[PDB]
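The next block is final_1.tsv, given as TSV, C-alpha atoms and all ligand atoms.
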chain	number	residue	atom	x	y	z
E	1	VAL	CA	-10.54	-104.62	44.30
E	2	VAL	CA	-10.06	-108.12	42.91
E	3	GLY	CA	-11.37	-108.61	39.34
E	4	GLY	CA	-11.93	-104.90	38.78
E	5	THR	CA	-11.43	-102.63	35.80
E	6	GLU	CA	-9.82	-99.20	35.84
E	7	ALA	CA	-12.41	-96.52	36.66
E	8	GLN	CA	-12.70	-93.48	34.40
E	9	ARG	CA	-11.13	-90.45	36.12
E	10	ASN	CA	-14.47	-88.71	36.64
E	11	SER	CA	-16.82	-91.65	37.32
E	12	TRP	CA	-16.66	-91.66	41.14
E	13	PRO	CA	-15.78	-88.13	42.33
E	14	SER	CA	-16.81	-88.76	45.94
E	15	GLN	CA	-14.17	-91.48	46.36
E	16	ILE	CA	-11.26	-90.43	48.57
E	17	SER	CA	-7.95	-92.00	49.61
E	18	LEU	CA	-7.28	-92.10	53.37
E	19	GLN	CA	-3.54	-92.17	53.90
E	20	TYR	CA	-1.19	-92.29	56.85
E	21	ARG	CA	2.22	-90.77	57.34
E	22	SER	CA	4.95	-93.34	56.83
E	23	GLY	CA	8.48	-91.93	57.24
E	24	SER	CA	9.00	-89.03	54.85
E	25	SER	CA	5.93	-90.01	52.84
E	26	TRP	CA	2.32	-91.20	52.84
E	27	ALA	CA	0.73	-94.62	52.40
E	28	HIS	CA	-2.80	-95.37	51.26
E	29	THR	CA	-4.67	-97.41	53.87
E	30	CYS	CA	-8.42	-97.01	53.22
E	31	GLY	CA	-11.07	-95.48	51.05
E	32	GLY	CA	-13.81	-93.13	52.07
E	33	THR	CA	-16.66	-91.08	50.69
E	34	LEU	CA	-16.66	-87.27	50.69
E	35	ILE	CA	-20.10	-86.36	52.13
E	36	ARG	CA	-19.59	-82.65	52.91
E	37	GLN	CA	-16.90	-80.26	51.75
E	38	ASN	CA	-15.30	-80.84	55.15
E	39	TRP	CA	-16.50	-84.35	56.08
E	40	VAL	CA	-15.53	-87.86	54.98
E	41	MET	CA	-17.40	-91.07	55.76
E	42	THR	CA	-15.16	-94.08	56.25
E	43	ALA	CA	-14.94	-97.36	58.26
E	44	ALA	CA	-14.28	-97.22	61.99
E	45	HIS	CA	-11.65	-99.94	61.68
E	46	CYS	CA	-9.66	-97.70	59.34
E	47	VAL	CA	-8.98	-95.32	62.19
E	48	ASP	CA	-8.33	-97.80	65.11
E	49	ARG	CA	-4.57	-97.13	64.81
E	50	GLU	CA	-3.09	-93.98	66.41
E	51	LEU	CA	-1.68	-92.74	63.09
E	52	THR	CA	-1.40	-89.35	61.37
E	53	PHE	CA	-4.03	-89.35	58.64
E	54	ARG	CA	-4.68	-87.21	55.57
E	55	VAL	CA	-7.40	-87.33	52.97
E	56	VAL	CA	-6.76	-87.02	49.23
E	57	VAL	CA	-9.68	-86.01	47.01
E	58	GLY	CA	-9.56	-85.89	43.21
E	59	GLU	CA	-7.16	-88.82	43.24
E	60	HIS	CA	-6.86	-91.39	40.46
E	61	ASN	CA	-3.35	-92.80	40.36
E	62	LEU	CA	-1.63	-93.20	43.73
E	63	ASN	CA	1.76	-93.37	42.07
E	64	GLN	CA	1.53	-90.45	39.59
E	65	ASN	CA	0.58	-86.75	39.58
E	66	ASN	CA	-2.91	-86.47	38.10
E	67	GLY	CA	-3.12	-82.68	38.25
E	68	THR	CA	-6.39	-82.93	40.15
E	69	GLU	CA	-5.54	-83.95	43.73
E	70	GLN	CA	-6.28	-81.89	46.86
E	71	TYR	CA	-4.57	-82.93	50.11
E	72	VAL	CA	-6.11	-82.11	53.49
E	73	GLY	CA	-5.36	-83.10	57.06
E	74	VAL	CA	-7.88	-84.82	59.33
E	75	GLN	CA	-8.92	-82.50	62.17
E	76	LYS	CA	-11.38	-84.64	64.09
E	77	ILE	CA	-12.29	-88.33	64.07
E	78	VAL	CA	-15.74	-89.40	65.25
E	79	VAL	CA	-16.15	-93.18	65.46
E	80	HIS	CA	-19.56	-94.70	66.04
E	81	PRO	CA	-19.75	-95.09	69.83
E	82	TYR	CA	-20.88	-98.72	69.61
E	83	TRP	CA	-17.86	-99.71	67.48
E	84	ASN	CA	-15.79	-102.54	68.99
E	85	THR	CA	-12.49	-103.30	67.27
E	86	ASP	CA	-12.68	-106.86	68.79
E	87	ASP	CA	-15.95	-107.58	66.94
E	88	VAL	CA	-16.32	-106.29	63.34
E	89	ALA	CA	-19.22	-108.74	62.96
E	90	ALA	CA	-21.22	-106.72	65.52
E	91	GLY	CA	-21.36	-103.83	63.03
E	92	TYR	CA	-21.12	-100.10	63.72
E	93	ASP	CA	-18.11	-100.00	61.39
E	94	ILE	CA	-18.43	-96.34	60.48
E	95	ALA	CA	-16.60	-93.14	61.29
E	96	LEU	CA	-16.72	-89.52	60.19
E	97	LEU	CA	-13.63	-87.43	59.64
E	98	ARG	CA	-13.78	-83.63	59.86
E	99	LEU	CA	-11.25	-82.21	57.40
E	100	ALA	CA	-8.95	-79.36	58.49
E	101	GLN	CA	-10.07	-77.38	55.42
E	102	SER	CA	-13.05	-77.50	53.08
E	103	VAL	CA	-12.17	-78.99	49.72
E	104	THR	CA	-13.14	-77.39	46.42
E	105	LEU	CA	-15.72	-79.21	44.30
E	106	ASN	CA	-15.32	-79.91	40.58
E	107	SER	CA	-15.61	-82.78	38.07
E	108	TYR	CA	-13.17	-84.85	40.17
E	109	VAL	CA	-14.42	-83.86	43.62
E	110	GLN	CA	-18.12	-84.16	44.46
E	111	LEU	CA	-20.25	-85.02	47.47
E	112	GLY	CA	-21.47	-88.60	47.61
E	113	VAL	CA	-25.21	-89.06	47.31
E	114	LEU	CA	-26.52	-91.03	50.32
E	115	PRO	CA	-29.68	-93.15	50.31
E	116	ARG	CA	-32.77	-92.21	52.26
E	117	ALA	CA	-32.91	-93.70	55.78
E	118	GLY	CA	-34.15	-97.29	55.97
E	119	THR	CA	-33.65	-98.04	52.25
E	120	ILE	CA	-32.94	-101.73	51.53
E	121	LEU	CA	-31.98	-102.95	48.06
E	122	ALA	CA	-33.69	-105.87	46.34
E	123	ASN	CA	-31.52	-108.97	46.00
E	124	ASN	CA	-29.16	-108.80	43.01
E	125	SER	CA	-29.31	-104.97	42.78
E	126	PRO	CA	-26.64	-103.43	40.55
E	127	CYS	CA	-23.69	-101.87	42.42
E	128	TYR	CA	-19.99	-101.12	41.94
E	129	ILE	CA	-17.31	-101.26	44.57
E	130	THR	CA	-14.46	-98.81	44.04
E	131	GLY	CA	-11.02	-98.51	45.57
E	132	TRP	CA	-7.25	-98.88	45.40
E	133	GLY	CA	-7.25	-102.04	47.54
E	134	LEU	CA	-5.38	-105.29	46.74
E	135	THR	CA	-5.97	-106.65	43.25
E	136	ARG	CA	-5.46	-110.22	44.44
E	137	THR	CA	-5.82	-111.98	47.89
E	138	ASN	CA	-2.46	-111.26	49.56
E	139	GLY	CA	-1.53	-109.07	46.60
E	140	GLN	CA	-0.75	-105.39	46.29
E	141	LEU	CA	-2.70	-102.17	46.08
E	142	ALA	CA	-3.82	-100.86	42.71
E	143	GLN	CA	-2.11	-97.83	41.26
E	144	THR	CA	-5.21	-96.58	39.46
E	145	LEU	CA	-8.68	-96.47	41.01
E	146	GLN	CA	-10.54	-99.73	40.31
E	147	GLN	CA	-14.23	-100.62	40.05
E	148	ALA	CA	-15.97	-104.01	40.13
E	149	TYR	CA	-19.56	-104.89	39.46
E	150	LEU	CA	-20.87	-106.52	42.66
E	151	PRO	CA	-24.63	-107.16	42.72
E	152	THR	CA	-26.17	-107.24	46.20
E	153	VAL	CA	-26.97	-110.43	48.08
E	154	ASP	CA	-29.92	-109.76	50.36
E	155	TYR	CA	-29.89	-110.35	54.13
E	156	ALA	CA	-31.86	-113.60	53.99
E	157	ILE	CA	-29.34	-115.19	51.59
E	158	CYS	CA	-26.25	-113.47	52.97
E	159	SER	CA	-26.96	-114.61	56.54
E	160	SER	CA	-27.78	-118.19	55.47
E	161	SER	CA	-25.39	-120.94	56.62
E	162	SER	CA	-23.43	-121.41	53.36
E	163	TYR	CA	-22.84	-117.63	53.06
E	164	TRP	CA	-21.95	-115.61	56.18
E	165	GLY	CA	-24.43	-117.05	58.69
E	166	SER	CA	-24.88	-115.02	61.90
E	167	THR	CA	-21.77	-112.96	61.14
E	168	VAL	CA	-23.83	-110.67	58.86
E	169	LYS	CA	-26.33	-108.29	60.46
E	170	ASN	CA	-29.24	-106.36	58.98
E	171	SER	CA	-27.15	-103.20	59.48
E	172	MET	CA	-24.89	-104.46	56.67
E	173	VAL	CA	-25.10	-104.85	52.92
E	174	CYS	CA	-23.55	-107.89	51.20
E	175	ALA	CA	-22.48	-107.68	47.57
E	176	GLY	CA	-20.70	-110.00	45.14
E	177	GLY	CA	-19.55	-113.46	46.27
E	178	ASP	CA	-18.96	-114.82	42.73
E	179	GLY	CA	-15.42	-115.99	43.58
E	180	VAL	CA	-13.88	-113.66	40.96
E	181	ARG	CA	-14.64	-110.06	41.98
E	182	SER	CA	-14.53	-108.52	45.43
E	183	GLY	CA	-13.21	-105.87	47.73
E	184	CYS	CA	-9.82	-106.59	49.27
E	185	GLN	CA	-7.49	-104.98	51.77
E	186	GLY	CA	-7.20	-101.26	51.26
E	187	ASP	CA	-10.76	-100.93	49.92
E	188	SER	CA	-12.04	-100.72	53.52
E	189	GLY	CA	-13.93	-97.51	54.26
E	190	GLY	CA	-14.74	-96.80	50.61
E	191	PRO	CA	-18.11	-96.70	48.88
E	192	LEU	CA	-20.43	-99.28	47.40
E	193	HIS	CA	-22.28	-97.28	44.73
E	194	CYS	CA	-25.69	-98.71	43.79
E	195	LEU	CA	-27.95	-97.56	40.96
E	196	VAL	CA	-31.45	-96.75	42.20
E	197	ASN	CA	-34.06	-94.71	40.22
E	198	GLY	CA	-31.39	-93.67	37.75
E	199	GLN	CA	-28.93	-92.29	40.31
E	200	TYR	CA	-25.92	-93.96	41.90
E	201	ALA	CA	-25.98	-93.60	45.69
E	202	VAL	CA	-23.45	-94.78	48.24
E	203	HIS	CA	-25.26	-97.65	49.98
E	204	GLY	CA	-22.22	-99.24	51.63
E	205	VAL	CA	-19.03	-98.48	53.54
E	206	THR	CA	-16.61	-101.34	52.84
E	207	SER	CA	-16.14	-103.34	56.09
E	208	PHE	CA	-14.88	-106.90	55.68
E	209	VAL	CA	-14.14	-109.95	53.58
E	210	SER	CA	-13.47	-113.60	54.59
E	211	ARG	CA	-10.32	-114.37	56.53
E	212	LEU	CA	-9.90	-117.13	53.89
E	213	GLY	CA	-9.48	-114.59	51.09
E	214	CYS	CA	-10.96	-111.66	49.25
E	215	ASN	CA	-12.69	-113.31	46.29
E	216	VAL	CA	-14.23	-116.36	47.96
E	217	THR	CA	-17.38	-117.90	46.49
E	218	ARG	CA	-20.40	-117.31	48.79
E	219	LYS	CA	-18.41	-114.89	50.92
E	220	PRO	CA	-19.57	-111.61	49.40
E	221	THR	CA	-17.88	-108.43	50.44
E	222	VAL	CA	-19.62	-106.94	53.46
E	223	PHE	CA	-20.41	-103.25	53.90
E	224	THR	CA	-21.86	-101.09	56.67
E	225	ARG	CA	-25.36	-100.20	55.45
E	226	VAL	CA	-25.28	-96.47	55.05
E	227	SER	CA	-29.08	-96.14	55.19
E	228	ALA	CA	-29.04	-97.50	58.76
E	229	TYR	CA	-26.88	-94.54	59.89
E	230	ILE	CA	-28.44	-91.42	58.33
E	231	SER	CA	-29.58	-90.00	61.69
E	232	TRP	CA	-26.22	-90.79	63.30
E	233	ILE	CA	-24.40	-89.08	60.41
E	234	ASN	CA	-26.66	-86.00	60.56
E	235	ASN	CA	-26.26	-85.84	64.33
E	236	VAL	CA	-22.47	-85.82	64.13
E	237	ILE	CA	-22.32	-83.19	61.41
E	238	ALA	CA	-24.79	-80.97	63.33
E	239	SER	CA	-22.85	-81.21	66.64
E	240	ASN	CA	-19.37	-80.65	65.15
E	301	CA	CA	-2.21	-89.09	41.85

Write the structure described by the file as structure tokens, please.
Amino acid sequence: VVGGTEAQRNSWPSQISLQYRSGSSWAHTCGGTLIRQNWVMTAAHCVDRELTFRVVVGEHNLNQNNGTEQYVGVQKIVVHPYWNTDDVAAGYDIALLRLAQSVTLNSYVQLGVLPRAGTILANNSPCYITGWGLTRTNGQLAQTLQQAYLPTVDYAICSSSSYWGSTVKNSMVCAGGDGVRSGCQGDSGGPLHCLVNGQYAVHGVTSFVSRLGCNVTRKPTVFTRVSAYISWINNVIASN
């Protein structure tokens, strides 16, 4: 997250760290949202590589023991069947991970609230992106979980020529674009939390930013629109 602030430890308990095995250790690669005790929602592009993945829940600082983490292997990966790694702009950037064990819920580990199917947010709706992704274009991952206030940019504006044009689809949510605050590499797969009727819900799965940079004016961060995939998500959980 570029232009973020450090999240409080218990603000975003559905946020997870998706990590891959790297030598004798583990490296953070993506975020995700815990949606069942044994299921994580993340981005399809996070799991294109043939890596060994684990999920960490109750994480805050990637570089220090927080006394709250639970570590669990990934048992099954279900990518949306229309996902094409060659074409992120087509959409379908979503995947569900079945965890090898069910995690224990507490103040640091909670299920993410998902929006009702079909829900679209008004332009300029209040949301936060969260993640341990780069803190500057071509920078380095955060140590502590970061949040940035990224108001939505509706489809009509986001898909206009000076924003993302045809690259953005109605199956996506755009947010931010102020040139200061944004997602960045390593935030992929994580939540966009938006406040609706008093409750934060996870409206986005972080998908892409401009090839030109993370915080680029009129290139808001783009997310898979969770409310477009409720039936798909339910169908996967019910059949697995
Ligand atoms: Ca930690």

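A straight line drawn from atom CA of residue 179 of chain E to atom CA of residue 219 of chain E is 8.0 Å long.
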
TODO: Taking only C-alpha atoms and all ligand atoms into account, report as a PyMOL selection string which residues have an atom no farther than 7 Å from an atom of ligand CA 301 (chain E).
DONE: chain E and resi 59-66+69

So for segment 39-42 of chain E, what box centre and size do we get, axis-aligned, 4 Å extra on each of the six sides, every listed atom, Å to one decimal, as JSON?
{"center_x": -16.3, "center_y": -89.2, "center_z": 55.6, "size_x": 10.2, "size_y": 17.7, "size_z": 9.3}

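With only C-alpha atoms as the basis for measurement, E:37 is the residue among E:123, E:37, E:159, E:227 that approaches residue 102 of chain E most closely.
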
Open item on the list: Just the number, please: distance in Å from atom CA of residue 89 of chain E to atom CA of residue 195 of chain E, one decimal.
Closed with: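 The value is 26.2 Å.
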
Open item on the list: Neighbouring residues of segment 48-54 of chain E were defined as those with any atom within 9 Å, considering all atoms listed in the file; residues of the same chain fewer than 4 positions away were excluded. Please report them as a list in words.
Closed with: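 Counting all atoms listed in the file, the residues come to residues 17, 18, 19, 20, 21, 22, 26, 44, 71, 72, 73, 74, 85 and 99 of chain E.
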
Pull C-alpha atoms from the residues just selected and write them as a PDB file, in the frame of the given file.
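Result went into part_17.pdb, see below:
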ATOM      1  CA  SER E  17      -7.950 -92.000  49.610  1.00  0.00           C
ATOM      2  CA  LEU E  18      -7.280 -92.100  53.370  1.00  0.00           C
ATOM      3  CA  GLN E  19      -3.540 -92.170  53.900  1.00  0.00           C
ATOM      4  CA  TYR E  20      -1.190 -92.290  56.850  1.00  0.00           C
ATOM      5  CA  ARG E  21       2.220 -90.770  57.340  1.00  0.00           C
ATOM      6  CA  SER E  22       4.950 -93.340  56.830  1.00  0.00           C
ATOM      7  CA  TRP E  26       2.320 -91.200  52.840  1.00  0.00           C
ATOM      8  CA  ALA E  44     -14.280 -97.220  61.990  1.00  0.00           C
ATOM      9  CA  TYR E  71      -4.570 -82.930  50.110  1.00  0.00           C
ATOM     10  CA  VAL E  72      -6.110 -82.110  53.490  1.00  0.00           C
ATOM     11  CA  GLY E  73      -5.360 -83.100  57.060  1.00  0.00           C
ATOM     12  CA  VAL E  74      -7.880 -84.820  59.330  1.00  0.00           C
ATOM     13  CA  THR E  85     -12.490-103.300  67.270  1.00  0.00           C
ATOM     14  CA  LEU E  99     -11.250 -82.210  57.400  1.00  0.00           C
TER      15      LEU E  99
END

- [ ] Would you please work out which residue, of E:221, E:14, E:235, E:140, is nearest to residue 41 of chain E when using all atoms listed in the file?
- [x] E:14

- [ ] Kindly indicate which residue among E:45, E:181, E:98, E:169 lies nearest to residue 137 of chain E, using all atoms listed in the file for the distances.
- [x] E:181

TODO: Go through E:95, E:35, E:7, E:109 one by one, measure the shortest atom-to-atom distance of each to residue 131 of chain E using all atoms listed in the file, and give the residue with the smallest value.
DONE: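 Nearest candidate to residue 131 of chain E out of E:95, E:35, E:7, E:109: E:7.
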
TODO: Please determine the residues with any atom at most 7 Å from (-28.2, -88.7, 55.0) (coordinates as given in the file, with all atoms listed in the file counting) and report them as a VMD selection string.
DONE: chain E and resid 114 to 117 230 to 231 233 to 234

Task: Atom-to-atom span, atom CA of residue 103 of chain E and atom CA of residue 38 of chain E, Å - done: 6.5 Å
